[PDB]
Amino acid sequence: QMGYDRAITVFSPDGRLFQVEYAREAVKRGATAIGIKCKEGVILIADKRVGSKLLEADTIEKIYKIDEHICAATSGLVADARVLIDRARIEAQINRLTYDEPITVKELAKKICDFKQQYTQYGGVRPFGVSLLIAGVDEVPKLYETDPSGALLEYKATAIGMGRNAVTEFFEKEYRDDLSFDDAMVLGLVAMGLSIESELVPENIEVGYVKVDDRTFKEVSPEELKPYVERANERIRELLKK
Amino acid sequence: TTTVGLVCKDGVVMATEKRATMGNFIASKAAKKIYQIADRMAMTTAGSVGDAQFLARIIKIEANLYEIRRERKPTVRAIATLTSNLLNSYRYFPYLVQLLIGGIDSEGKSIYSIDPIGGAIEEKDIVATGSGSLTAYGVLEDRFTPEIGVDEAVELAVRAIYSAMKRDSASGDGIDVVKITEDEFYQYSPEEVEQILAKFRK
Amino acid sequence: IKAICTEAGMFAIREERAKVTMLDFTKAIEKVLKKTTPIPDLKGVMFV
Amino acid sequence: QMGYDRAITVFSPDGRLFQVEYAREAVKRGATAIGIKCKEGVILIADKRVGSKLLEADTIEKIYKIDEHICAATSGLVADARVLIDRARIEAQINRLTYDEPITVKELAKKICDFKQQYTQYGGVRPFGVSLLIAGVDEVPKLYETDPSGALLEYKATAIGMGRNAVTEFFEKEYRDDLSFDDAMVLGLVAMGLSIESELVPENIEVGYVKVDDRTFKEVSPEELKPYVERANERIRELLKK
Amino acid sequence: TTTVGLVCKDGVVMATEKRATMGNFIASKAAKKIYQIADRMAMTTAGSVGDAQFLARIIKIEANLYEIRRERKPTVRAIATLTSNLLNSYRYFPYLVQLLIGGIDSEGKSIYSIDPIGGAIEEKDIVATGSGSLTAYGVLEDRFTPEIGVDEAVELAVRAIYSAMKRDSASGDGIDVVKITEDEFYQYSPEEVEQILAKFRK
Amino acid sequence: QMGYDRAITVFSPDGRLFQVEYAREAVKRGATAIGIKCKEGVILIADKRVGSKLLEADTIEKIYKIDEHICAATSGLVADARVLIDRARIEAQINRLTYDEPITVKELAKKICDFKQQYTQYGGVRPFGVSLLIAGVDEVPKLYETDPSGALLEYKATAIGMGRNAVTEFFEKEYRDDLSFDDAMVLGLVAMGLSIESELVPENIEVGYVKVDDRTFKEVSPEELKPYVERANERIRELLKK
Amino acid sequence: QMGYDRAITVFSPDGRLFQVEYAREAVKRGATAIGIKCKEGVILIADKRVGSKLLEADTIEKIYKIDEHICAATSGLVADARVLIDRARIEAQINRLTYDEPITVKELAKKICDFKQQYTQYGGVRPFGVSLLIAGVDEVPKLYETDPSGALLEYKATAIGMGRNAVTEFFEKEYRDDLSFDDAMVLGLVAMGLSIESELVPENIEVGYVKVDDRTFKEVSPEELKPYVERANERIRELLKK
Amino acid sequence: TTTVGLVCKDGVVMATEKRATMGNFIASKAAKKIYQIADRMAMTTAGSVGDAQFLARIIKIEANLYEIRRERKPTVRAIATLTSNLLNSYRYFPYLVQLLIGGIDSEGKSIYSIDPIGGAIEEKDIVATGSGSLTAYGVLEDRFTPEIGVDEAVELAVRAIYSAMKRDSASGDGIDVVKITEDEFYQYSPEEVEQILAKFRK
Amino acid sequence: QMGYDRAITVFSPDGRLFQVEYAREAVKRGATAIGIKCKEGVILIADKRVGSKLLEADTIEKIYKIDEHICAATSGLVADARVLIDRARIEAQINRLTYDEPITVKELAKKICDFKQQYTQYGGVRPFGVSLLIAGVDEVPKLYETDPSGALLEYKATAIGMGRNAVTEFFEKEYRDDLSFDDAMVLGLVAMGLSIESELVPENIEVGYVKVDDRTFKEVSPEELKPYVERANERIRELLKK
């Protein structure tokens, strides 16, 4: 016991609020999602391995449409994800209503950062125990990470969930923003294998993307994703021998 | 003002007049009275310019949200009933606009006609909307074949509004046509449409 | 730390080697980690 | 724990919310319920078992019709379940008001997951200690499980309740995806038979279902039940001698 | 604009004229002005299409909710009273309309005239309602028999409204008859009817 | 078990809510109430036992009137009962306002139980620690137990209160579906006489019943309760030689 | 046991709301207020001895008017007495407002019990710590005891406060229902005499009574009190010689 | 009370009447009705004086704040929708001014008209609004090539507003011409504008 | 313990608020921010160092335009800042609505202080654990630091965050009030170097200013930053050789 975390309004003696840092852990115990940005667009890839064979394969969903040109993926309680992602599409759409402009990646990211922070400040309702990936192309490709508290961090590439850490080490050395659309897709797939310590299957991942030269959202289809998976499998297998 | 809709077996073709004329007043050189709700869905309105523009922006944004929500585009029906409901809610502000909400869905092609007290009704046939409507029906219904394409519908939709113009001092030009041929969501714009009526005159 | 080392050395005897290794250590730490306030478990269900 | 399990506004150091984990134990307090999804319709089997023989077995059901092609079962509290499905009745109806269209099973799951989610976030209210299995057909058969927290998992074969454990084990081994409605009906009674650990009698089960050519909910009356239960009773015996 | 209604002995019959016009736009001429409340429960409206259909969706939805929630099909009275109370709420703006709610229920057959500003009263076997009511009492009562069948009620429902049509000035061509004998929920619609009435007017 | 019984929004680790478990101990604490459902009616008898003559002959009251064909009777916190029953009265009337149909027991039980459930949910309100047994004839006779947790149960014969255990055992032997209206009511007195363990007079039992053949609630006079007492007393006497 | 008697929300294992019952010990410490009924009316006698002869002993007081045939005496906090008695006054005239008929003794008693219970059942607001005895003749004499709980018990003659223990034992022995207005008035004075163990004087007592024959509340002036006082006094001394 | 707007090759130029007279009351002879919303955006008002400035002050405040929060200049389309939303939402605090929001932004060049009843329509490159609007359309379209310079546009802008004021008898004499050349924001203002039209002799 | 400290609505025996005292220290855990005021403007320097290289070099942003002639720096948590700057900006642009004039650097900073003071009195909410430096030219330059206590102190040069302690000491000797713009600007960068104990790269620090010959916000891009950073790096090297 502690009591610096019997409420979020009780600050720790250590200059920190532990209750929102446990809310970080909540994400971690949830399964991974990686966003990879290159200058040819941005990609968002997330786990669908979770669950046995009793289950249906289509496990709805990690890879949410928000706009037709903005996608978000999650880690954490997907109880706490589900209302926030509905709220995210309403809020996004409200920008769209009231200016008649597409919401910009940054501004969306900030609005969802702000929405978590109502729950963080207040004590009538706890902080969400979910993390968010927001990926889009307004006209400039952008990738952000939202913390459970509602903190805003710009990334070249990011992971959250169980695989957060393997992906971090992998990309620290090798990754470059000046890579191709093709490289970027396959390279984060390599990184995705390591995190689940297995070989990819296309049924085990749902992948969406935003293109810079379309400027629209499309969700990648299992067998259309399939070559990207084969070519990744050479690296994934190799790197786990060691 | 007058807006026509007809359901073809190859798509939905509706048409509008951009100028909105009070009686002797050119209000606008051009104006949107055609709102692209989707690449399969439209709202083509006859009525007030300002209140119609407000409401169209509402529906368009929530049409898209409902598309995102299900992962699965609206039904033509589901937007229309949304407009009847939103109109009756907002009848405590005085908005009078008559709408044609139409398009293409998994069920087929249909148009739903809306009055500013409410109501949405199914039509598989000819529908025309505004104060030029009484005239419009006379033209459209006779030359309605169920073998009619969107190819022969564009001449017919032009011709309905066209007659209407020559018996109403409140019908503007800027005759627009929207065609939804289930491959595209196309706006002809004034120019092209104006040569089509050049072959109904001289 | 001394008990983790001895436990590691015992773990090797069970794998029929004298070669001490990171994998032997890992099992040995876990014995100690089991006692105290354990961060392991759970993945959803609902936390996924 | 230690007061990190005695509120709903606390995460523990583990990042687990324990109050919610306890709300899942509530589900496990309640009795066995099974759903099966096949490609020809969806199947729902509820326990109808009475506490004593002086409790009437007519209202002690889990199976409640929610829409014209949507039914559902429950485990948890009765109390929580009855209000929780009544909300889903209003949602489904309202969808039909504003779109004149019967709600999608997927869409209904999303709304009532989000209903539960506010009851989870707020500190002045518990979450509902219930799970549902929402079974219906909208274009094609769909099957879902709602978590007490508000998570959404799509399934093809599932159970909730006390009998949960045994039934997964069974459907790991036996289950097939090319079984028809009739054949799978038989299998679901052997699974229920497993879980209650007796040869079933029609007067201790209730079956409802939705097939695709009916596009309606219909309810399997005890007359209409018997031949399926007899086929099943045969194999149920063999497992009470194993 | 007139509606009639009669309980046979073995069914309930109501009919409705399809002609609603507002301005130079005809709202309904071949589009429904009859709604399905439940399996063997109907509602006909005499009044405007906008009002009628917005109200009708409300009553339809709570009708469905009744069948599910209580696990009991709704009676003529459940819907009837409910519609009244709801009509009392909203009075701020036009929502005054002449409604007939009927069909079959388990206590037998009934028809109930719901008064505009609330109220539900019952009528043994003949109702009207509408602006053509005076004419309708003569036609309907003279040819009523209490051992009247379905056959001759669909026939009679056309005769009351169409003789009334002439004397009315906002009524006109196009007519729907609805039959609920507890085996069908049929909507006869204009085309079929114009051919049965081809025998009793020419 | 402490810390899961200090709030109504705290589940114990078994998934039991001990706050709610303690609310059945309230019921068992208070006066017995026995209900007998029969083919010819539904008879409800509730304890009118007085411990002194200082207490007025009629203590207000053991059998409440809800509708002119619906009554319910109480075991538990008699304080609580007052608010609970005022509401009960009001809902049955309210439904006659807006549908003009007598409320059926199934739905009335549902609505009252939803009203309970709301105060189990909220942390600001403790739930009714009182049980009512709601009885009526609509289309056929009905007998329900509305529980302090907000569960409805339909029974064939029941009892609640302190006499709960004896009478669950009693009717396990004696409830048969060959019972008449007079032979059912004698049985409610005998059931009642085993619970308190003494003979009867008319004034320590309060019976009302709802007869089918009127479809109306009547409240049975002391004068015509005297004969049936005598027939019961014989039975009771033999039961008290064990 | 404890730890379930410091909150109003919590149930004990016993099922007893002990917070409500310590609001009844608040009643118990100070002081005798006695009701005694007959068929000639109802007589309400209450103590008015408190402190030295510097407290003007003719006012402040228990015998508050509620109506023109209804009166109440109090026991418990003086603070709760003031508001609760105002609510009961307001509810007597609400019956006049809305039905323009004399409020019945029963209806009034039911309302004000319901009022106390609402504050009992709502968590975060305490139970009132006061008790009333409600005395009146509608057309029929009634004497009721209205509890801090919000419960209703009807009597033939009773007492609350300090004297409660003494006067029950007394009325066990003494009471017959064949008393007159005057025989009841004097027998209540003898009850109240043993409870404070002393000879009563017009200075330290107060009596209001409601007659059947006129159905006025009348407030008995000390002059009028005094003939009765001589008659009860010979008894009071004799039994303090026994 | 009239306002004009035209889209250049190299900027956008718009114009106002600057002295607004109604009856024999003149507010000021330097009453503002020309608004600077941003660096290369302007807004030009027709309609009431008082509602013009009060509305405008809030829109400058929105302009700034939206720039700071999005970290990108707001669009002409963004504020044209924003103003509409405001007008429809405030009909209990109604503003009676007809806006023209125009300028240069990232999108390119465009000029939106906003109705006093709300709602935002777009004109390709010419727009006239107000009492003067009917003549003012024909003055502009005589010389309008899309390749008109700013130097000739500001010349063109004057001849439409100058014609409008003399025809009416209760309009004042003041004009402001605004040039927004994508590098400069010049406000020519009554003196300088006056001598532009002094080359006509009268 | 120590306290008295698990609430903000409780004064501690030391005459403080513990909760708040702990919340000033949460600012120190997050990054530094350096403010320096001169008689030629006010320069604001904010640490943009975070992460390794997996993050974007630019991380939003950390130096916000608050008004046109006011900017603010942040120190402490990113989350708390996100929402705090939103209300400051709206309140500044509200001042221009209601007076049509500049807002004072002093009066703005007060109303920032008011927002966190509201969350210090009410026990249902926490104040932000974040400190902004408020730098602008009202019509003369002014520097203020806003504290999460709601505290306001006018400085002339300062640091807050990690470098708080270090950079105060550095400025005792070095700070001179007759420094040129370039000299003051450069002196602020030496103060950041001291804080991090490493040579500054101009790509991982963010600098903005308001001059008094301009009086509008500008920003110094990393290409513009080079000479300044070189001029800083000579002295930072001199510090890091002692």
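For reference, chains read A, B, C, D, E, F, G, H and I in written order, and residue numbers begin at 1 within each chain.
Definition applied: a contact is a pair of C-beta atoms (placed from the backbone, for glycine too) under 8 Å apart; a residue touches a chain by one contact, two chains touch by 3 or more.
The UniProt protein names, listed by chain, are A, D, F, G, I = Proteasome subunit alpha; B, E, H = Proteasome subunit beta.
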Seminar exercise, completed: By label, the chains that touch chain B (Proteasome subunit beta) as well as chain F (Proteasome subunit alpha) are D, E
Exercise. Where in A-B, A-H or D-E does the E-F interface recur, with over half of the contact pairs identical by residue number?
Worked result: A-H
For this session: Would you kindly tell me how far, in whole Å, the mean C-alpha position of chain H (Proteasome subunit beta) lies from that of chain E (Proteasome subunit beta)?
Result: 57
Exercise. With chain centres defined as C-alpha means, what is the inter-centre distance between chain H (Proteasome subunit beta) and chain I (Proteasome subunit alpha) in Å?
Worked result: 42
Problem set entry | Chain centre separation in whole Å, for chain H (Proteasome subunit beta) relative to chain F (Proteasome subunit alpha) (CA means) | 79
Exercise. Cα centroid separation between chain F (Proteasome subunit alpha) and chain G (Proteasome subunit alpha), in whole Å?
Worked result: 31
Seminar exercise, completed: Note: chain C residues in touch with at least two other chains are 42, 44, 46-48
Seminar exercise, completed: Where chain I (Proteasome subunit alpha) touches two or more other chains at once, the residues are 86
For this session: Please set out, as single numbers or ranges, the residues of chain B (Proteasome subunit beta) touching at least two other chains.
Result: 57, 69, 71, 81, 85, 120
Exercise. Touching chain A (Proteasome subunit alpha) in the complex: which residues of chain C?
Worked result: 42-44, 46-48
For this session: Would you mind writing out the residues of chain A (Proteasome subunit alpha) in touch with chain B (Proteasome subunit beta) in their complex?
Result: 65-68, 86, 89-90, 93, 96-97, 100
For this session: Going by the contact rule at the top, pick out the chain H (Proteasome subunit beta) residues touching chain A (Proteasome subunit alpha) in the complex.
Result: 69-72, 74-75, 77-78, 81-82, 85, 120
For this session: Report the residues of chain B (Proteasome subunit beta) in contact with chain A (Proteasome subunit alpha) in the complex, numbered from low to high.
Result: 57-58, 61-62, 64-65, 68-69, 71
Exercise. Can you list the chain F (Proteasome subunit alpha) residues touching chain G (Proteasome subunit alpha) in their complex?
Worked result: 2, 5-8, 19, 22-29, 52-56, 58-60, 77-80, 82-83, 86, 119, 123-126, 128-129
